[PDB]
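*Asks:* Have a look at this one before I ask anything.
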4 protein chains.
Amino acid sequence: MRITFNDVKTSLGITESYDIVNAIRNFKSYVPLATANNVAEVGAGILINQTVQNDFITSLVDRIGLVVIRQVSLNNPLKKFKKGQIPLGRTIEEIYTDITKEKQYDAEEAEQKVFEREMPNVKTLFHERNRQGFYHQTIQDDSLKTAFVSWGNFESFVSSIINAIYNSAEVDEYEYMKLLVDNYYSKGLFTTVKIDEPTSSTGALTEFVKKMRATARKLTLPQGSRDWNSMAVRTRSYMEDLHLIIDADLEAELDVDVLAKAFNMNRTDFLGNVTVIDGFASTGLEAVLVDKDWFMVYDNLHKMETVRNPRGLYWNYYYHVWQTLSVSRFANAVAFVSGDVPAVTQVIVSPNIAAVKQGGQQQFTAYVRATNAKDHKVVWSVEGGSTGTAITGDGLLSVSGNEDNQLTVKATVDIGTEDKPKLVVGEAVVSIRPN
Amino acid sequence: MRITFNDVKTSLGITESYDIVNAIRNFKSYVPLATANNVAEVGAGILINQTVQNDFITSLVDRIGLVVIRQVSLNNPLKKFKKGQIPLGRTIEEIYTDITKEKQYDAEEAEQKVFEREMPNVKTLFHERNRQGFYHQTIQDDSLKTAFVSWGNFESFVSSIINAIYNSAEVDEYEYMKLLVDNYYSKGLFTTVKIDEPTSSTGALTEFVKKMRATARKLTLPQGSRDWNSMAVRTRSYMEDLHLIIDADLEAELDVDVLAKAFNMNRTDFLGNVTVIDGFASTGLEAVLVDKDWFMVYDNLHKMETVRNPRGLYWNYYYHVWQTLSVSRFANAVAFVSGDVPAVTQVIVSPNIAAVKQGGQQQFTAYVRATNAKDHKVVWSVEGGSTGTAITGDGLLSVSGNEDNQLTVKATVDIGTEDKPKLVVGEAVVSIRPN
Amino acid sequence: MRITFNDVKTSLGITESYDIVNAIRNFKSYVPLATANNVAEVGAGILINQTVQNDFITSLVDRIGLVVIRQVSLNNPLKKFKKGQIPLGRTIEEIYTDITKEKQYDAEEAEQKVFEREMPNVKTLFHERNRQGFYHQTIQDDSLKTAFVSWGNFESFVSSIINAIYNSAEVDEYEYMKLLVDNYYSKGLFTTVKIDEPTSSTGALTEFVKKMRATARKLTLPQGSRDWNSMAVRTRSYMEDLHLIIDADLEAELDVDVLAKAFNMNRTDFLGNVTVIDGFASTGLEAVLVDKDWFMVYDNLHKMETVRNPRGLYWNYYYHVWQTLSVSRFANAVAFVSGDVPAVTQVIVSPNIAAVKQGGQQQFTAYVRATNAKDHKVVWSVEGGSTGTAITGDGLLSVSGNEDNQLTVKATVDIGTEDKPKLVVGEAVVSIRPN
Amino acid sequence: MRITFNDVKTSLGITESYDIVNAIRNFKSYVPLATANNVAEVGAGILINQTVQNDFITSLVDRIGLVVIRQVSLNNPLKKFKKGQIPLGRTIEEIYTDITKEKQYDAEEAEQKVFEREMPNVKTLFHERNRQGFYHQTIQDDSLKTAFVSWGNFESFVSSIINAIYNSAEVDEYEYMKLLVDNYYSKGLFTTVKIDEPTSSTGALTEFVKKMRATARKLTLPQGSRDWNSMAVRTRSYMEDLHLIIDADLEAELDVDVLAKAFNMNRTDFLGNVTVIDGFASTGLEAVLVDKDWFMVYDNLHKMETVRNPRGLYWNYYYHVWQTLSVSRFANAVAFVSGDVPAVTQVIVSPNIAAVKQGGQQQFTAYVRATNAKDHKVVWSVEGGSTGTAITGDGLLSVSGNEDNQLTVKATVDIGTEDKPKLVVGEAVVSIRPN
C-alpha cells in the first residue's frame, strides 16, 4: 500500500536496471544492451522515434505493471480469503454431508437390509456476487523525458505508475467485503445475538465481551452445535479459523486484550483474525463473527491496456480487474446486532428439497431462530392444492394418488397479536414422481 | 472434521497422483502407467469395463480409506488415552502393590524368619465397556465419472469419500467417553467433593476454583494420600498427568487464566489437558478430575468393505470400528458434584478378598468416604453363618474350627434417623481353607 | 554523547595506531612507519619542526574527524528521519495522487470517451527551513606534546577532540526539530484535538490516553480518513510508522506501559517511536503525533577546517554543518492541544490551484476543521472583480467571457458574534486562459 | 564467597593436580613429577626436610593466592566501578568541555575574527580517597601434614586458605563504598530531593517511587538539564548507566517490580544496577542515585608475603591490598533525603577560577540548589581589597589598574530571619596579571 522500488525488485527476479524488454522486443538495434551507469544513450535510443517509444512504453507498462500488481495484491492482509483462478466445473452447487450417529452391529438386522442407502447430501446453491471495474491513469511525455537522467528516476517513474492503481484497488477490496456482509445480513441468513449498545457505557462493553466469548465457546464445541448456519446442518469449526469483522468505533473503544483472551490467541496471532471497517449502514449491526471458509473470492482476470493520443502527446493505461465473490451457506456466521430485531428471525425446514412418490409420506422438522428464551409453536400447511394430499400437525406429509402438480410445505410461526402485520414462514419443496 | 488432500498426502508416502493401485493389481494392460498430467486415457481405462471399474473402486476405497482413516484417527486431540492393538493375555486383572514403610535393620529379628513374604498385591477386576458399530456411505457413477477431468477433481473425490466417515467417528468418540464417565459416576466409584452452583454467582465460581486447586494440590502430594481412588491403595500422581473434563457452560463462564494458574501449566500446556463436553446428564455433575492412566481404550479392529448394486448403479461401503474401553480402579478420580449428595458415599474394606484357614483370624480396616466434616461410626457384621466364627467391634474376625462355607464381612455406616431407609455397606469375601 | 575510542575503531577499518596519515603524506622520512609499542620515535619525528606537525595535525583533524563524526552522526536515535545528500532535481514541489473509487465496466459509456485524462495531481510546495552553522574548538601545543607518551594517551586525545563537537551537534539537532514543530503549529496546518490538562488530575491522564488511542486508530483506518492532513487528500498510514513527540512532564507522568498498549506495539518496539522534549513554548501544545514521512532532513554538507596561530601557538578547527529541514503537506499530523483554541481552525478548498477557460466553470468543496461537535456554514466569494463572474452557494463558479484578471475563490466561515474581529479564510487561485 | 576447586580450576589453566611449583623450582630431585593417583610419595617428598617444605609452601601460597584472588576479585557484582591499575600521568585533574549552542554562519562577522578561541574547559581537581590494609592468617603444620592423604585434601586445603581472605576483602569493599558515599554527602556536593519517610506509611512509598521516576527521567533528558551535578555543567546521561544505592529496609519494603518499571529495565537487568547496604547512617539519607562513571576505584597493588615461626611450628601469610577511590565532580548524583534539610543546599559560581588583567571585567553567574519552589536573592562581594575594583548587582566585576593581590568573588544567599546564624557561601578565585 506504500509500494516502492524494493517491492518490485523483490517481486521480479532482477536487480536495478534490466534489458528484458528490449531483449524480448528492429527494436533491438536501437538501444544498447549496456547495464552500466550510462543512461543518456539508452534514453536517446528509446526517444529516437515515436514507434520505438510507443512499443517500449506499452510493453513496459503492460507486462511489468501487470506482473507487479498481481504479485503484490496476493500479499495484502486479507489474502487468506483470496484463492487462485476459479476452478473448472464449479457448477455453483455446494454439497455437505451431515454428521450422524453410528448404527449398532447386528447380524440379525444386517441379513435383510444390505443395499440400503444412507441419506441425501442436502444440496444447495452458492450465494454469488460478481464485480468488474477499472481505474485507469494518464502519463505525460514530459515525465518520461525527465526520467532517463539517472537510474533513480526510472524506478521513481515505475513506483509512481504502480502506486495509484495498487492503493485504489486495496481500498475498494474492503468496501466490497463490507457490501457482501451487508447483503448477507439483509437477506436474513445470519443467526442473530442481541446486545445493547456496547459503546454507550462500560457495563455494555463487558456484556458484549462476555457474549462474544460465550458465542465463540459454543461455536467451537467439538461435538457440534447445529444451532448456527443458515440451515441446521450440525457442523463444527476450529477456534483458530474464526474471523471477526468489527466497527471502527467499537474497535477503538475495546482494548487489544480481553478481546483476544476470549479466544486462544495472544495479540500477535489475534490481530490477524480481526478486520476493522468504518460503519455498517444496516440497522444496528456492530460486529459479525464468521468462519474462515465462509467467504471466498475467485479472480476472473486482471489486464492492462494502453492507448496513445497523438494530438495531446500522452498515454492512457486502463487496469481492469474482474472477480467473483461468494459466501457459503453451511458455514458458521453470527450477526451480533443491537436494536429492535424481532423475536423470531428465521425458520428452517431440514429436508429442504425432497422427492416422493404419488402414495408416499415424508417427515419434516423445523428449527426456529428465536432470539429469546420463549418457545414458539409452528403450524404446518401443505399449500400446493390437490385431493387427499395433506400434512399433519407434526410435519408428516402424505401424498394421495392422482397427483401431478408441485406442492410446497410451509411452516408458519406467529410472533404478533390480535393485529398481526408480521408473518415468518419457511418453505420446503416436494417433487411428486409417478409410480 | 475438515480433512483435506494435504492430510492424506502426508499420511501416504506419495506425491500428487499415483499408480500404486494398478501396479499392485489383465488389469495392468487396461490403464496407462504414466503419472503425468494426462487424465483422459487414465479415466477411459478405468471406466472401460465393469470388472476393471469395480476392481479399481474396491481396491482404492478399501485400502486407501482404511490406511488414511487409521493414520488420521491416531492424531486426534484425545490420542493420549488411545492404545494400540490389545496385547495378548491381558486377563482383565490389574495388580498393584501398596507402598510400605521400611523395616529397621535388626539381625536378632531377621534371624528368626527369612523366607517370609511381605503382603498380598490386592488384585482387582477391570471395568470394561464394549463398542462395535458402523457408519457406511454411498457413491454414485456420476460422481465417479466427473472426477477424472483433472487431478484436483480426483483428490477432491478422495477427500469427500474420507471426510464423512472420519468426522462421524471423531464425534462419536467424545459421546462414548461421556457415556463412560456417566456409567462410572452411576456406579459411584468417584470420590466426591461438594460445590455450590459455580455459575450462580461470582463467589461460587471462585470457591469452585479454590476447591479445584486445593484438591489438585492434595492429589499431587509426594508422600501419598490414599483418600482418593475406588479402593484405598495410597498411590500418587504428578500435576502434568491430571486431566480435567468440564461442562461447556462452566468452561464458558470460567476464564482461560487462573484456572491454569491453579495448576503449574500456563495456557499453552493447559488447553491440551482439558476436555469440554455439553452437559453430563447425571444429577449435578459439573467437572471430573481423573488421572491420565484412569481411562484407556484398545481398538479391536477397523475394517472397510464395499458392495455394488447392479440394479441401481452405485456402491455402498461400510466402515466397522470395534474397540473396548476400560477404567482403572487404582487411579485417582474426583467427581466435584453440586447438589444433595448423601453424607456417606462409599465404605471400602482394605483387605477386600482374603483367604484364611479354619482356625485363623484377620484384622479388617474400613475407609468411609464422608462428604462432610462429621465423623461416622462403623459396625461390623460377619454374615456367613456358623458357631464360633465372629468379628469383634475393632474389625478383627476369628473363624472357629469345622467351617466349610464362604463368609462375607460387612462394614455398615448409619446416616439415618428414627426412620432410616438409608444403609451403606461394604463387602469382603473371606474364603475358609480346610486345615 | 560519550563517544570513545571504540566508536572510531568501529567506524574505521583500523585497530589502535595507524600510519595512514604519513602513507598518504618528504613527510615520510621524518617519522618511522613502525606500528609497534615504540611511540617516542614517531612523536619526536612529528614534533621535529613546525611544518611537519602542522601538516600532520591538519590531515588528522580534517580528514579523520570529518569521516568519524559523519559516520557517528548517522547512528543517532533520530536517524529514521535522516536522509543522505539532497537528491538532484527535487524542484521543491510535492505530488500526490488521490485514491478514488473505481468506474463500473460499461461499454456503452466507454465508447464515447477513451482519450480523457483522469484527475489533477494536486500540486503543492514544500514547507522548508534551511540551517547552516558552525561549532569550532581549539587545541594547544602542550596537549599535543603530552599525547605521544602512550597509544592510550593518543587515542584519548583523539576522543577528546571529537567528543565536544559530536555532543554539541547531537544536542542542537533536537532544538532544531522543536523549532520546526513550533513553526508548523504557528502556521496552523496541524489538525487539532482538545484535551484538558492531563497532568492536573488522574482522570485527565486516562482521558488523554483514551483520546490518543482513538485518534491513532482513526488515523490507521484501512479505508482512509481524509479528515487529517493540512489538505484533505484521503491518505492512510501504518500504525508502525506513527511517531510521537511529547512533553517531558507529560512523559514523566505517563507510565511506560498502557501508552504502548494504546498502539499495537509493546514497550520494546514503542520506545523507539517516541521523542521527549522539555516544553513546546507554543500556547498549550502538549504532544504532537505525526507520520514517519512527515519530517525529513537533507544534509547539504559537513566540513572541518583548521588554522594555526603562530603567535599564540595553537590551532582552531571549525566544524561547519549545513542541512535543510522539510515537512510534507500530505502526511498525517495531529496537535493534541489543551487551551482556548477557537471553534474553527482552518478551511481548505479542495481544488487549490485551478486553470479554467474564459467560458468555463469549476466546482469547489470546502472542509472545515472544527474542533467541536457543532456544524458551521461557509459562504463563497469570487473576489477578483469583473462582469458576469459569480459563484453559487454550493461552490460552483462559472467565468464569463472577456476575462483577463486573475481571480481567487474565497471560502469564509464565521464563529464570532455581532462584533466579529475573527475570520477564517480559504483561498483558491484560478488562472484564466483565453479561448 | 562459596569458592571451591571449580573457581581456581577455571582461573588457572590447569586440570586437577599439577607440578608447576616443583617444575619452576635442588627441589626437583626431591619430589616425583607424577600427577597420577599417588599422593603419599609427593607428600613424603615435600615433607622430607624443612628447606623444601618452606620453599614449597611459600611458592604455593604466594603465587597461587595472588593469581587466584586477583582473578576472582575482578568478577564480583561491583566490578563495573573497578578499573585496573592506576594509569601513568593521570594528573589527578578533571577537564570537561561544556556544551553550548551553534554560531550562525556569517561571512561578514567571521572575516573580522578567525583566530579567536572559544572557551576555558572549567578544569577541576579529582576527589580522592586512599585505602590500604592487610588481613593475614595462620596455617599449622598439622593441617599440612594431614593434607596429602588424597588428591581432594590438597584442593580442600587450597580452598580453605583462599576463602577466608576473599570473604573478608569482598565484605570490606562494600563498607568502603558506603563510607565514601557518606563522606561525599557530608561534604554536601549532592543535589537533594526531599521525601517523607517512605517506610512510615504506604502512600509515602508510592510518592517516593514517583519522585524517583521523575528524577530519573529528568536526569536522562536528551537535551540536557544542568540542574544536577556538583556544578552547573549541563551534561546528560543514559538511563542504562544510572545506578541506585538504596537502604536495606527500604529495599525490602519495596517490591522488585514497579521500581524497575520506573526505569526501562525489567528485573533481570535492573537487579544489576541496584546496591543494597545496611543503613546509610548519615542524617536522613535513604537512597542515592548516581551515574555509572561517578565512582571509580584503581588498585595500587595486591601482595602476599609469608613468614615462618620455627619455635611455634606454623606459618603466617599476610595479604596486603592498596587502592584509591575517586568520585568525579562532573557526574550526576542525587541524594533523596528525608529530614529537615535547609531550603538552600549550595550556591555555585559558574566561571569558577578566572584570570584577568589589571583593567578588565568579568561576568559571574550563580546557581542556587533550592529544595523548595520559592526564589532567593544572591548578593555579591569582592573581598580582596583594592581601589576601584568592584562588582555590580548582576555579577559583573570590574578591576581597576595598578593591582596585584589575588581577589576572591563571593556569592552569598541567606534563608534566615532577624537572627541569621546561617549563610550559604560560594567562592570563586580570580588571579590578576600585569598587562
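Within each chain, counting starts at residue 1; across the C-alpha cells, chains are named A, B, ... in the order shown, with ligands numbered 1 upward in that order.
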Find the residues of chain A in contact range of chain B, meaning any atom within 6 Å when counting only C-alpha atoms, and list them as a list in words.

*Replies:*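 Therefore, the residues near the partner are residues 99, 102, 103, 104, 105, 214 and 223 of chain A.
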
*Asks:* So that I have them on file, write out the residues from the current selection with C-alpha atoms, as a CSV table (one decimal), in the first residue's frame.

*Replies:*
chain,number,residue,atom,x,y,z
A,99,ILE,CA,-22.7,-36.0,10.8
A,102,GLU,CA,-23.3,-44.9,14.3
A,103,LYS,CA,-25.6,-47.9,14.0
A,104,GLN,CA,-25.2,-50.9,16.3
A,105,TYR,CA,-23.6,-54.1,14.9
A,214,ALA,CA,-19.8,-17.4,25.1
A,223,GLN,CA,-19.4,-32.3,19.4

*Asks:* If we count only C-alpha atoms and set the cut-off at 9 Å, which residues sit around residue 235 in chain D, ignoring sequence neighbours fewer than 2 positions away in its own chain? Please answer as an NGL selection string.

*Replies:* :D and (98-99 or 223-226 or 228-229 or 232-233 or 237 or 330-332)

*Asks:* Which polymer residues have any atom within 7 Å of an atom of residue 122 in chain B, counting only C-alpha atoms, with same-chain residues fewer than 3 positions away left out, as a PDB file with N, CA, C and O atoms, in the first residue's frame?

*Replies:*
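In the end it all went to part26.pdb:
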ATOM      1  N   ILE B  95      -3.038 -55.522  38.923  1.00  0.00           N
ATOM      2  CA  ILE B  95      -2.276 -55.796  40.134  1.00  0.00           C
ATOM      3  C   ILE B  95      -1.518 -54.538  40.537  1.00  0.00           C
ATOM      4  O   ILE B  95      -0.893 -53.880  39.698  1.00  0.00           O
ATOM      5  N   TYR B  96      -1.589 -54.197  41.822  1.00  0.00           N
ATOM      6  CA  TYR B  96      -0.889 -53.031  42.347  1.00  0.00           C
ATOM      7  C   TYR B  96      -0.490 -53.297  43.789  1.00  0.00           C
ATOM      8  O   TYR B  96      -1.329 -53.693  44.603  1.00  0.00           O
ATOM      9  N   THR B  97       0.783 -53.070  44.102  1.00  0.00           N
ATOM     10  CA  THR B  97       1.309 -53.254  45.448  1.00  0.00           C
ATOM     11  C   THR B  97       1.348 -51.914  46.176  1.00  0.00           C
ATOM     12  O   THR B  97       1.792 -50.906  45.617  1.00  0.00           O
TER      13      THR B  97
END

*Asks:* Report as a PyMOL selection string all protein, DNA and RNA residues lying within 9 Å of residue 8 in chain B, evaluated on only C-alpha atoms, omitting residues in the same chain fewer than 3 positions from it.

*Replies:* chain B and resi 3-5+11-12+14+68-69+71-72+158-159

*Asks:* Hey, can you spit out that residue selection with N, CA, C and O atoms as a compact mmCIF listing (two decimals), in the first residue's frame?

*Replies:*
# COMPACT_ATOMS: atom_id res chain seq x y z
N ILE B 3 -10.73 -32.70 6.97
CA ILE B 3 -9.54 -33.27 6.35
C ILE B 3 -9.50 -32.92 4.87
O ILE B 3 -10.50 -33.05 4.15
N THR B 4 -8.35 -32.45 4.41
CA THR B 4 -8.13 -32.06 3.03
C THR B 4 -7.12 -33.01 2.38
O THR B 4 -6.68 -34.00 2.99
N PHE B 5 -6.74 -32.72 1.14
CA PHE B 5 -5.78 -33.56 0.44
C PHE B 5 -4.39 -33.50 1.05
O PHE B 5 -3.61 -34.43 0.87
N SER B 11 -0.11 -38.53 5.04
CA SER B 11 -0.28 -39.87 5.60
C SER B 11 0.35 -40.93 4.70
O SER B 11 0.99 -41.86 5.18
N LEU B 12 0.16 -40.80 3.39
CA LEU B 12 0.75 -41.73 2.43
C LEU B 12 2.06 -41.16 1.90
O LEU B 12 2.16 -39.96 1.63
N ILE B 14 3.41 -40.45 -0.72
CA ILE B 14 3.15 -40.20 -2.14
C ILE B 14 3.19 -38.71 -2.40
O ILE B 14 3.10 -37.88 -1.49
N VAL B 68 -5.75 -44.30 5.46
CA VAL B 68 -5.79 -42.87 5.76
C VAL B 68 -6.57 -42.61 7.04
O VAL B 68 -6.14 -41.81 7.88
N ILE B 69 -7.72 -43.27 7.21
CA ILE B 69 -8.52 -43.02 8.41
C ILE B 69 -7.80 -43.55 9.65
O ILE B 69 -7.84 -42.92 10.71
N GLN B 71 -4.56 -43.70 10.04
CA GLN B 71 -3.45 -42.80 10.33
C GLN B 71 -3.92 -41.46 10.87
O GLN B 71 -3.20 -40.83 11.66
N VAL B 72 -5.10 -41.00 10.47
CA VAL B 72 -5.56 -39.69 10.92
C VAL B 72 -6.30 -39.77 12.26
O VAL B 72 -6.31 -38.79 13.01
N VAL B 158 -11.48 -38.12 -3.40
CA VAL B 158 -10.92 -38.92 -2.31
C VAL B 158 -11.20 -38.26 -0.96
O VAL B 158 -11.64 -38.91 0.01
N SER B 159 -10.97 -36.95 -0.87
CA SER B 159 -11.22 -36.24 0.38
C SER B 159 -12.69 -36.32 0.78
O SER B 159 -13.01 -36.49 1.96

*Asks:* Excluding residue 82 in chain C and any residue of its chain fewer than 2 positions from it, enumerate the residues within 10 Å of it, using only C-alpha atoms, and give them as a VMD selection string.

*Replies:* chain C and resid 73 to 76 78 to 80 84 to 85 295 to 299 325
